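Notes follow once the structure below has been shown.
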Amino acid sequence: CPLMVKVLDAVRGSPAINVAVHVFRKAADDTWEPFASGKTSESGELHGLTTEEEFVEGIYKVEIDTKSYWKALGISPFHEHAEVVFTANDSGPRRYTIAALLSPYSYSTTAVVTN
Amino acid sequence: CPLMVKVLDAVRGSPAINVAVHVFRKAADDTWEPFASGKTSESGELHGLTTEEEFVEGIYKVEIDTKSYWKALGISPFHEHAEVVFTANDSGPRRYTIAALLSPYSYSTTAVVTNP
Amino acid sequence: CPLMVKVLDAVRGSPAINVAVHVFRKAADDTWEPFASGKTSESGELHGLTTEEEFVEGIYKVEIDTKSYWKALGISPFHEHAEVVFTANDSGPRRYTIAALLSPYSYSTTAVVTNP
Amino acid sequence: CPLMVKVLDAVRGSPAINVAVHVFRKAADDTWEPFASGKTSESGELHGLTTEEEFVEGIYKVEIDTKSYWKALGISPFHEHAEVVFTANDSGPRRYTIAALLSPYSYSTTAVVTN
Ligand SMILES: Cc1ccc(Nc2c(F)cccc2Cl)c(CC(=O)O)c1
Ligand SMILES: Cc1ccc(Nc2c(F)cccc2Cl)c(CC(=O)O)c1
């Protein structure tokens with residue numbers, strides 16, 4: 001599991017469950033090609049997005065549909081989503097955990113890059 | 001100004017100065033049209049990106065070039081940028097301050113939205 | 001002023017107004033002496049807590065009463081407060097802006113430290 | 001495991017390993033009584049701090065020695081520590097994860113409160 005997305009709801013202090021997450025790889029022509037997606041689970045985590053073979057170096061965008069999450073909860077959000085764009089380098093072995101800490105008018109996203 | 005971007009360096013506890021900021025607006029055909037861009041100043045602020053006439057409703061994307069920032073300070077950061085995509089002025093004109101707090105592997109983007 | 005506290009409500013995307021802020025300084029005997037306190041204003045800022053004469057080196061604690069804040073808005077928040085403990089003016093006088101970004105279960109405290 | 005502290009280093013995008021964490025319970029006289037402590041592990045996590053029986057309602061302070069962590073890395077930090085003070089309520093069953101996302105001049109701390 002080279003890439004795991006973790007989403008936390010900073011309003012309820014809970015994992016942000018059932019949050020749509022799309023991953024995209026930047027194609028040569030600078031457009032985003034859908035690559036992987038899922039919904040975060042009960043634990044706010046989205047595993048099994050990609051695999052080691054698939055997850056090659058490149059520029060990836062993780063788009064977290066924070067807005068539907070806030071809509072589902074009835075809280076007016078500021079952002080359309082949360083959108084983590086980063087270069088997977090893979091110079092040494094890497095797991096990437098992208099943790100998005102979400103508030104209606106603020107989000108934080110952190111990469112915990114290990115191995 | 002209706003749109004202000006502020007950027008802090010959470011490593012140096014400083015304003016993040018000379019950070020490139022690009023603002024786009026989603027056009028009718030769902031492309032991003034270049035809307036405005038600028039550098040944060042010596043206070044980490046980027047004022048005057050736009051005006052209350054120009055800053056109509058729409059979805060805007062603010063791409064703060066955090067990578068060049070960290071790179072110029074010798075850091076290889078995780079993200080290519082800090083993004084902020086939001087619907088602006090949906091229930092009439094607002095002032096938006098987008099505050100981006102930057103660390104090499106984490107950033108936070110907050111909006112202070114006030115009713116002028 | 002050498003010490004400014006700014007507090008944002010990340011739920012409402014607003015300044016967090018009328019937030020009680022208490023500043024303490026660690027005395028010789030390692031107790032916290034009350035140093036200064038105030039409310040954030042209508043801009044979420046608390047200026048004039050102290051002066052450059054009064055704001056000597058030491059360890060200071062800033063306790064931002066985030067709980068009363070969230071409680072007055074009907075929210076049961078997680079933390080009793082947002083704290084900031086820091087050594088101030090160790091290598092001469094600095095201006096400190098403490099920016100506290102508040103959510104009911106998360107807060108972030110950042111310092112913008114500039115050399116006047 | 002009613003209370004788990006997770007510390008992330010936002011500069012290196014790694015778990016913050018070997019970070020001293022002290023937990024205190026507010027005593028009746030308003031002083032902090034040491035209750036539990038540990039060092040975060042390799043995964044940035046500090047488990048086994050307390051137990052269900054021990055972790056009664058009360059006001060707790062989690063003090064994270066962020067400053068020694070930054071010193072160990074040679075980066076001048078702003079804060080003396082990170083200090084999470086909160087009321088354990090236990091109205092329904094709760095695990096508390098206190099995640100501290102640490103930068104030299106910024107920290108974020110979030111409670112993920114589940115069950
Ligand atoms: C009411 C208010 C809220 C937030 C900010 N900016 C800000 C922020 F939103 C997060 C971290 C640091 C800073 Cl400086 C500011 C601008 C400032 O005075 O630094 C004002
Ligand atoms: C239940 C839970 C809550 C939060 C986190 N992690 C986390 C993190 F890894 C970075 C920044 C904030 C947070 Cl909250 C985690 C750990 C993770 O799976 O990365 C678990």
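Proteins get letters first, then strands, A, B, ... in listed order; numbering begins at 1 in each. Each ligand, and each atom within it, is numbered from 1 in the order the structure gives. When reading the values below, keep in mind they use all heavy atoms of this one structure, side chains included, and skip hydrogens, waters and symmetry mates.
A donor-acceptor pair is defined here as one N or O able to donate and one able to accept, closer than 3.5 Å; such a pair exists between the side chain of D:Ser41 and the backbone of D:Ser43. Using a distance-only test at 3.5 Å, with no hydrogens or angles considered, no donor-acceptor pair links the side chain of A:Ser103 to the main chain of A:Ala10.
A:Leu101 and C:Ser106 make their closest contact through CD2-OG, 3.2 Å (heavy atoms, listed as atom of the first residue, atom of the second, distance). Taking each heavy atom of C:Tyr96 and C:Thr87 in turn, the nearest pair found is OH-O, 4.2 Å.
In terms of the ring pair (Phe, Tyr, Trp, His ring centres under 6.0 Å) criterion, residue partners of D:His79 (sequence neighbours excluded) are, by chain and number, D:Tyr107.
Using a heavy-atom distance under 4.0 Å as the criterion, the protein contacts of ligand 1 are B:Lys6, B:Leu8, B:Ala99, C:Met4, C:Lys6, C:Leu8, C:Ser43, C:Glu45, C:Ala99.
Between A:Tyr60 and A:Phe55, the ring planes lie tilted relative to each other; the angle falls in the 30° to 60° range.
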